[PDB]
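>>> this one's structure only:
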């Protein structure tokens with residue numbers, strides 16, 4: 001589909017043991033805001049990597065939590081593309097994903 005993450009959070013996310021969801025977005029101005037994802041239980045993890053897309057082993061931002069409720073809070077500067085990666089452990093939807101600026 002398309003690439004969304006900033007402005008409008010992803011409703012009813014998805015965390016299939018096999019299937020996954022990814023998105024791409026960037027910022028306009030440098031602002032310090034704290035944003036995280038949640039809605040149920042730790043099922044879908046959140047990954048962030050400045051420039052390229054974060055892997056299951058490579059990551060730039062991650063509080064090291066269990067699925068949902070695992071986000072980072074840092075002042076992102078405009079000029080660098082941000083990637084999104086959602087990995088689930090088992091079919092489970094109902095989480096709200098958003099970008100942390």
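Everything's here; your move. Residues are numbered from 1 along each chain as shown.
>>> Who does the most centrally placed residue in the chain form a beta bridge with?
The residue lying closest to the centre of the chain (C-alpha atoms, centre = their mean) is residue 46, at 4.1 Å. Beta bridges link residue 46 to residue 86 when assigned by DSSP bridges.
>>> Surely it touches residue 71?
Yes - with contact defined as C-beta atoms under 8 Å, residue 46 counts as touching residue 71 (5.4 Å). For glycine as for every other residue, the C-beta is placed from the backbone atoms N, C-alpha and C.
>>> Now do the shared contacts for these two.
residue 37 (C-beta atoms under 8 Å, 6 or more residues apart in numbering).
>>> List phi and psi for the closest residue to residue 5 other than its chain neighbours.
Distances taken as C-beta to C-beta, 6 or more residues apart in numbering put residue 25 closest to residue 5, at 3.8 Å, once the chain neighbours are dropped. Main-chain torsions, residue 25, degrees, to the nearest 10: phi -160, psi 160.
>>> Report how many residues lie close to residue 25.
For residue 25, the count of nearby residues is 14 (other C-beta atoms under 10 Å).
>>> contacting residues for the closest residue in space to residue 15 that isn't next to it in sequence?
Counting by C-beta to C-beta, 6+ apart, residue 15 lies nearest to residue 88, which is 2.0 Å off, once chain neighbours are set aside. By C-beta under 8 Å, 6+ apart, the residues touching residue 88 are 14, 15, 16, 17, 19, 20, 43, 44, 45, 67.
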